[PDB]
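Alright, here's a single protein chain in two forms, structure 1 and structure 2, each given by itself as structure tokens.
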Structure 1
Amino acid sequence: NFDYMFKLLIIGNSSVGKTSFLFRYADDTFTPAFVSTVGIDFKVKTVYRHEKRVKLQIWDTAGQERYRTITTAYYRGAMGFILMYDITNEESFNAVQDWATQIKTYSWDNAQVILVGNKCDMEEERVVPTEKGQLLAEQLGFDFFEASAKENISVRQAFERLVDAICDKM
């Protein structure tokens, strides 16, 4: 059907949970088996937003540096970005300003960006307070969520907020 077809990219460092995030949103499941994405992949999900069907093609990128070129070759045509870090990994959070610069350099399209701190179920191993993440989100102009691909917390809410921002820019 699809009057609307939106291109979304999930980007961020390796091991923050990007593939797990996409699989939880698309198939409602989680496996602990870490396999690192080689290059880029995508999935298509259709949603009933406020009135009518919207088809999202969501591109999971690879976080490793050697694929940084090829993933940036797929930033064109993007209307939305999930910039994702890990709340148990400070190196992932220190990189998000570089990732936001990468979005502004290689993509812009005036595309909406949302900042997600994944693995919020791992509170015993938390290293980044939520206040730091929401302060940097206020600074960069992005919406902020703390999510868990493992426990399905704030996962579909983040995609819904990104799609709502994309629709509100029309």
Structure 2
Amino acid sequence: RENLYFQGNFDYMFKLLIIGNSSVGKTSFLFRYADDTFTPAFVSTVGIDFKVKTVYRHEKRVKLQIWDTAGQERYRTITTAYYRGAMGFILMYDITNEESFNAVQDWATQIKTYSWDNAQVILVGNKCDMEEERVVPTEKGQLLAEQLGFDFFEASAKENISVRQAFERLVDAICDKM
């Protein structure tokens, strides 16, 4: 369902999705990864101002994509195409925002409904640079990740803490499964 074409030849791509509440740092996290790896990102607009943000890694055969949460709430068909056949997820919350963490069960259900049976998930508590504003203890994140069957890390898009770790670890979980 996701392919790369180059010089007459085709190969598969891993569809990896970053999801979570508006304003948890999904775009920042994707863009920090792009910047870290000297890769461009592409941003396309749907409707008034809803965004699709995409990074392609050629050698590594991964497509990383955000379809904004506010967009997912407005467009059913675009959203189901977005989730359909996703291989892995970064499921993101903000350690400084309790509601974003409370939404995780709901995002978990989203993953199982719409995406591949064996899709691997990493729960990421983002904004770990903002310790002074934390409201979600690390132990809550670790324990939910355990009961939902996800991997778990805290990260910082702003400080480049555990940004690469996330995607390389996700592809590894995917390959190990298959």
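By rigid core we mean the largest C-alpha set that fits within 1.5 Å across both forms. Only residues modelled in both forms are compared. Residue numbering: sequential along structure 1, first residue numbered 1.
Once you line up the core between the two structures, the CA of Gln64 is the only one from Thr130, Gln64, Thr101, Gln139 that shifts by 2 Å or more. Put the two forms on the same core and the Cα of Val54 is off by 2 Å or more between the two structures. Taking 2 Å as the criterion, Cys120 does not count as shifted between the two structures: its C-alpha moves by less than this amount when the rigid core is aligned. Superposed on the core, the two forms differ at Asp28, whose C-alpha moves 2.8 Å between the two structures. The two forms line up on their rigid core, and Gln157 then has its Cα shifted by 0.4 Å between the two structures. With both forms fitted on their core, the C-alpha atom of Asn110 sits 1.5 Å from where it sits in the other form; this compares the forms between the two structures. After superposition on the rigid core, residues whose Cα atoms move by 2 Å or more in runs of at least three fall at 1-4, 28-73 between the two structures.
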